[PDB]
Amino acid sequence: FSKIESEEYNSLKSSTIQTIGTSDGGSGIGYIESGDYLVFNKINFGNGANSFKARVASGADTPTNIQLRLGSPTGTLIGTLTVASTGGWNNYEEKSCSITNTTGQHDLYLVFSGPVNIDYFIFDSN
């Protein structure tokens, strides 16, 4: 549940997504459109996690939400990270939001409401 690179998803649903280069020679996911989602099979939150942090970039004219659901694309919604513009598609920063205390192993789904670039995300226990 610690740190997960979004380019290393197990599956996804989209007709636009592509693996892009992120700042500092890193890799990530871009060309996301409303409705798309990334799937990360069997993530183990262990004893629990109540925080979500993601390194994202956005040069959009409107904010984008990243819903965090478990089990399926419509699964339990444990949190939603709203990503306001960061001034550019290559202006990456870490944004955090809380999530309902989640424990054990689950299949993680990230559902997007629009375009945003995402490098990696982390689950912690604040």
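Residue numbers run from 1 along the displayed sequence.
- Look at the C-alpha B-factors of 36-44 and of 52-60. On average they run higher in 36-44.
- For the pair 6-14 and 106-114, the mean Cα B-factor is higher in 6-14.
- Residue set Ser72, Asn65, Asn91, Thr100: peak C-alpha B-factor at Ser72 (per PDB entry).
- Of the candidates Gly26, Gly30, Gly79, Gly87, the deposited coordinates give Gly26 the top C-alpha B factor.
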